[PDB]
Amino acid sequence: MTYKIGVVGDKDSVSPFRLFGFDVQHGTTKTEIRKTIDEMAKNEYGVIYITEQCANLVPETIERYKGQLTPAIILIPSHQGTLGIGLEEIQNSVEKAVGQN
């Protein structure tokens, strides 16, 4: 089954993904980013890579899709690094699985 790849992040960091046929967008606000993610998920994107700085603004949107097969919303650093969110989220899935909250 064949799916597109999206990327949401700052131009400096995510522009090279355009060379690979990834759909690269660059929102700065909660609203912009949320709308981008919903549009990708409406267009059957398999994966969305999203820089942590962008992801930091839309936790509610990201949590909505977490239980869905696609899209897989994957946080990545920017050239300035991470906010630690991807890592914390791995710990959150553990706490969910083992029933610790």
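A residue's number is simply how far along the shown sequence it sits, counting from 1.
Segment of higher mean CA temperature factor, 30 to 38 or 69 to 77: Per the PDB record, 30 to 38.
Chain third (lowest, middle, highest) by recorded CA B-factor, residue given as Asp10: CA B-factor rank for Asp10: middle third.
Chain-relative CA temperature factor third for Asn43: For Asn43, whose C-alpha B-factor we compare with every modelled residue in the chain, the answer is the highest third.
Among modelled residues of the same chain, the CA temperature factor third for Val24: Lowest third - that is where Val24 ends up once the chain's C-alpha B-factors are sorted.
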